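J.: Model the following, please.
(3 chains)
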Amino acid sequence: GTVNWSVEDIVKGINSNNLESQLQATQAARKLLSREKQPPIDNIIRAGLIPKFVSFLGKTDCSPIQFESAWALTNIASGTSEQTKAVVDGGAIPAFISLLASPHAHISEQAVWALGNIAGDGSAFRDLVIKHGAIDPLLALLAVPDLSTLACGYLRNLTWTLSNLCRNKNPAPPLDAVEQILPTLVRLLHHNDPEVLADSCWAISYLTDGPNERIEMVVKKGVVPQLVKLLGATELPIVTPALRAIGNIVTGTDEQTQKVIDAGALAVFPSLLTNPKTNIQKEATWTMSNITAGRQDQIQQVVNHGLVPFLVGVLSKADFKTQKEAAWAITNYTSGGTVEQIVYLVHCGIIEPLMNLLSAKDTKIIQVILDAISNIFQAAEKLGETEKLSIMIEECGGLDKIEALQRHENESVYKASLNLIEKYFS
Amino acid sequence: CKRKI
Amino acid sequence: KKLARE
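T.: Numbers count the residues shown, from 1 in each chain, chains lettered A, B, ... in the order given. Let me share the structure:
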């Protein structure tokens, strides 16, 4: 019936003066644009059909052509930025926002989906959707006593579209828009659907990816305990955004970091730092590195939770990018730690894996490691045990590596290595 | 110090 | 991100 129409037949039907013919052709276009293999988005655009689809969004008396045109435009807007721009350029944003209040649930949901694709293009279209007034009608669809009474697919689409309104930087979303969205977002973050939870975590991870004022807006809403719970979920699609959000939060103030620790996050890192997914392991070590850049009492919590052996392990064996984050966690630890905390680091076996990574070609890790070695020596100077440390480094072959680094072409590298050689190995 | 992104 | 329907 409406399967495998040509663009020229679609155009003929839409250009007819006959609404039912227009409805049939619009469905035929929807089916073309919903095929998995090379949907002819550009051909449909070149045919000039977008302004017609947008007009059809306003045909209140023919809800089927509203639905069919909304679906067609959603699939166009799901493509490249240029294809999304063509939808926006046709006036689709205010048309779709007016459809959010449709009494036909499947039409409102399609409008939600379409606006998610448009906002998801980038910050400019995101802010344009907001300026057209999308947030109030979107939040009204979620203003129910219990989210469980909404259809699962509907709720997932609403969550995903709100997450795109939280996404992207330069600029970040408007502060008033974030404040308007957050209470509903925290409600979704407590829902039981895994997909709603994943996308709510993603939204929170976007809102915390920025200056400490942005982090504070989110933390103030009390979401950190829920995030830590989701950090232990079995679903990798939940753990990943949950961990990103927690990681972002601990880039903030020591007080914001302390709420993560107070919520019990460190007890999850034995698993995260051994997680079979390389990206989870890397992000967990990056998170640890910002925690060890904190206060001495926060370093002490890292010790109390038994996480230094886990950092020794990642340094010993892990994807190189994870090992790089581990070197940062160690150097930050040695930078702000007490003499006793730094000593404990050596007792846990940090020296040998740290020395073995000086053989890495990456120049930055070498500078990070050498700075950690210096801080560890300085802690040993205060106990008069520099010699015993020097012997550890020689026995595991670190002295040979530091000596060879005096020939390194980078300036700061061959500078720091020489200082250690002359200061402690002479 | 803290390392964003 | 962007998602196509069916």
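J.: For chain A, what lies in contact range of chain B?
T.: Selection of chain A residues close to chain B by C-beta under 8 Å from any C-beta of the partner chain yields A:209, A:248, A:250-252, A:286, A:289-290, A:293, A:328, A:332. (C-beta placed from N, C-alpha, C; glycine too.)
J.: Separate out the buried members of these.
T.: Buried subset of the residues of chain A next to chain B (neighbour count, 16 or more other C-beta atoms under 10 Å in any protein chain shown): A:209, A:248, A:250-252, A:286, A:289-290, A:293, A:328, A:332.
J.: Among the residues of chain A next to chain B, which ones are in helices?
T.: Among the residues of chain A next to chain B, DSSP state H puts A:248, A:286, A:289-290, A:328, A:332 in helices.
J.: any chance of the buried ones among the residues of chain A next to chain B in CSV, with distance to residue C:5 too?
T.: Compiled in CSV, those are given as follows (distance: C-beta to C-beta, whole Å):
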residue, distance to residue C:5
A:209, 28
A:248, 31
A:250, 38
A:251, 36
A:252, 38
A:286, 36
A:289, 41
A:290, 39
A:293, 44
A:328, 43
A:332, 46
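J.: Which secondary structure elements does whatever helix or strand residue A:419 lives in sit against?
T.: Assigned by DSSP states H and E, residue A:419 belongs to helix A:411-424. Applying 3 or more C-beta pairs under 8 Å, 6 or more residues apart in numbering or on different chains; DSSP states H and E, one finds that helix A:411-424 contacts helix A:363-381, helix A:386-395, helix A:398-405.
J.: Could you write out the alpha-carbon coordinates of that helix in CSV?
T.: Extracted in CSV, the C-alpha atoms of helix A:411-424 (Å, rounded to 0.1, in the frame of the first residue of the first chain):
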residue,chain,number,x,y,z
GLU,A,411,64.0,19.2,29.0
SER,A,412,62.1,18.7,32.3
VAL,A,413,62.6,14.9,32.1
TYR,A,414,66.4,14.9,31.9
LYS,A,415,66.3,17.7,34.4
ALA,A,416,64.4,15.9,37.1
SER,A,417,66.2,12.6,36.6
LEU,A,418,69.6,14.2,37.0
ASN,A,419,68.5,15.9,40.2
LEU,A,420,67.5,12.6,41.7
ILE,A,421,70.8,11.0,40.6
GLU,A,422,72.9,13.7,42.2
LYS,A,423,70.8,14.2,45.3
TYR,A,424,70.1,10.6,46.4
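J.: Could I get the buried residue list for that helix?
T.: For helix A:411-424, by 16+ other C-beta under 10 Å, it's A:413-414, A:416-417, A:420, A:424.
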